[PDB]
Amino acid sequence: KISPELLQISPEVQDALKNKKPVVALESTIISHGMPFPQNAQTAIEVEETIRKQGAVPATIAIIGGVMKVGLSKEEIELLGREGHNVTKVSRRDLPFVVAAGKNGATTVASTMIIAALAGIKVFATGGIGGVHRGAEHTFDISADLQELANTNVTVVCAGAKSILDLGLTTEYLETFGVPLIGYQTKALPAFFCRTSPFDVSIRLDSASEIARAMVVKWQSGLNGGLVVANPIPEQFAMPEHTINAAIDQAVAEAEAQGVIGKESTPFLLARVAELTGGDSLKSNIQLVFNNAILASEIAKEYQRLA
């Protein structure tokens, strides 16, 4: 029952929810910190349209002038893409201040889940989830995303956890906190730019339909928390393992040596891997995002059907 001075849902999205059309949420960190200009905004508007061509309704989420806004104008997206790193990356602990100081912010997966759940949106597409960082056994550097997944009822379609992270530790972590890690048509956990990895999802499902069904069962039996749907990047756009892993490993060593830490790590690694791959990691990431948007449209349609 939040006040409009706090949360503002755009009329497209409101109508969508009234008329029970399927809605897919999207995040703003990917635009501001995830990718450079103008690939971030092109990518974002285009993801929105992809969703539209699948017959669903996009709601991109962000903090515009201190307001939590569900659905955004082309203008505001252009805005986040131009202002870029100057915009505040917003996780859970960041949110109330960016709302109070009335500033603009780009929501992470955590925040995007929070707001989406506030708006009653169950399906959310992104590129890759945050997770347990390499070295975390000694650094305790662990995304708030995982705790959000533990606690907030949103399904997040992604290409897995970002492959710059520690995937093994991430899979243990998700199990401890009772979060389903669903492979869409895959048992092997997808690694972001790359289609497989040495690890496993917690369950393989071959259709949106079964995922929607699981969601309804899960929530109706009271098990609160979200679900991760790991969606492999299409073969056309997949980075070959050896190259990408070399660029990731170098970028991670460099970040260690340079004392990069905290909320700045992921943007640093993503950009540096893009430098190291000459733009290829970035192209692949954009491809992965469109793909997840498509699957996410199918899942939301299937979920709305049941609900």
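From 1 onward, residues are counted along the sequence shown.
Across the two stretches, 225-233 and 105-113, the PDB entry reports the greater mean Cα temperature factor for 105-113.
A summary of the deposited B-factors shows that, of 263-271 and 38-46, the stretch with the larger mean C-alpha value is 38-46. Note on the listed residues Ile248, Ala59, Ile64, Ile51: the highest Cα temperature factor in the record is that of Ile64. When all modelled residues of the chain are sorted by CA temperature factor, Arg305 is found within the lowest third.
In this PDB entry, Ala144 carries a Cα temperature factor that places it within the middle third of its chain's modelled residues. Compared with the other modelled residues of the chain, the Cα B-factor recorded for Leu282 ranks in the middle third. When the modelled residues of the chain are ordered by C-alpha B-factor, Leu276 sits in the highest third. Split the chain's modelled residues into thirds by C-alpha temperature factor. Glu137 is in the middle one.
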